[PDB]
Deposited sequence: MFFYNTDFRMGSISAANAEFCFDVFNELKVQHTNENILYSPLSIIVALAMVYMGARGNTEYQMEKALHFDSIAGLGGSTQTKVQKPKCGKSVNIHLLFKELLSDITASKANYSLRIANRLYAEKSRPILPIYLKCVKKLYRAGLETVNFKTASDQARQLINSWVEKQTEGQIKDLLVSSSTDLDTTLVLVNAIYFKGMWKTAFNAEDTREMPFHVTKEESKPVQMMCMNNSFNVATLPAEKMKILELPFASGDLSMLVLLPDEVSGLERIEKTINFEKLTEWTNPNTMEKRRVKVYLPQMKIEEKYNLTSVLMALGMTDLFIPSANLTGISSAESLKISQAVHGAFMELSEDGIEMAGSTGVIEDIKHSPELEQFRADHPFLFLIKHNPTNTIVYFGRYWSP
């Protein structure tokens, strides 16, 4: 299992991000890709030195797993992304990952070559100094095109100016299809109980088929596995038994607990009557504060050491922005109930590696 340590680092980072993200996104849907974020940061890490590099190594959990000392890590991420990025029939996963760099911060040839070999077309030089607004529009157009129109204005107007030197831009798009097709003649409006007092209407899909499901009364939850019609991704839905059971589960979830709850011992194939809201979600984040709070403070202040990217005097990450879009479309004996009509957590995983590709909270339609 070559990819096992990288999958584990990604999961630990996922829950580190969730713990920070949820502090400032209360009573809100959450959707992000720990994988696309960690790949973006690994690309920057390749050019970081000194304390900046050390902080990233710890915060990305690389301290537990040519182009620098961590070339193997870069090689494993490149291989993993190549697996999951693809357009098959009924499967489209796109990651848009780019570091935009000010013209007057010349890029070291070695970093440019390393990005070409390991991180695709992941680096672009632009004129922020005297064309920061055109640069902004060009960046946002690229993100918008790569996400099939779904992630618009990722870099907002206040975010770039003549002093911008580096912007990390990361977006992920996924559109897949349910394997057990939900028949649209059964989709209908049902109340979603955001709280015991507040309900909102949602288009609710209904399925009745064999599914793997963990039934966990000691944790007061059920975990449903939903395969997709094509690709090697699947969804897990963690549904609290109680209308307001989410908070207790968010306070306790981490990589170790998630592994315990999904152990194959208690995952059982059985007939399930599933109610699930239409899963089409978009979220955008400025992750600068979150990543500083995780320990990568140096990267975002003028004392950043990015001398493996450029020898220029001043250099730092001005903004790190992430946009995530996820959609699953449909196709044209007693049952266990799985009625996801109150807030829940969900994730999309890459089955061959157990890598978390998306992590999210469904709070409200």
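According to the record, no C-alpha positions are given for deposited positions 1-7, 73-86, 354-369, numbered from 1.
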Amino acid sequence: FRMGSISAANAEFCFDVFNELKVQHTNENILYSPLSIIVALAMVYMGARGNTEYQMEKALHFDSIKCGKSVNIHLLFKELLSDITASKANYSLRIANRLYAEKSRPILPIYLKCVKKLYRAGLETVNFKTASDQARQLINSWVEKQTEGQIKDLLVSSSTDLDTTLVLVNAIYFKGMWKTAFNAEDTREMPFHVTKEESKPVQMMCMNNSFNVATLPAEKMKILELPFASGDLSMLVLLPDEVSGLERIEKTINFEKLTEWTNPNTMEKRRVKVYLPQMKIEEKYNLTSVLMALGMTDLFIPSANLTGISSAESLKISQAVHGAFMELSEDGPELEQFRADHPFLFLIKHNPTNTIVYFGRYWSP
From here on, numbers count along this sequence of modelled residues.
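The deposited model assigns a higher average Cα B-factor to 244-252 than to the other stretch when 274-282 and 244-252 are compared. Stretches 16-24 and 343-351 differ in mean CA B factor, with 16-24 having the higher one. Looking only at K113, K222, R136, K175, the residue with the top Cα B factor in the deposited structure is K113. Comparing C-alpha B-factors across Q146, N263, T288, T215 in the deposited entry, the largest value falls on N263. Ranked by C-alpha B-factor against the other modelled residues of its chain, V194 falls in the middle third. Among all modelled residues in this chain, the alpha-carbon of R98 has a temperature factor (C-alpha) in the lowest third. In the deposited entry, the Cα temperature factor of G4 sits in the top third of values across the chain's modelled residues. Sorting the modelled residues of the chain by their CA temperature factor places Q319 in the middle third. Ranked against the other modelled residues of its chain, the C-alpha B-factor of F211 as given in the entry falls in the middle third.
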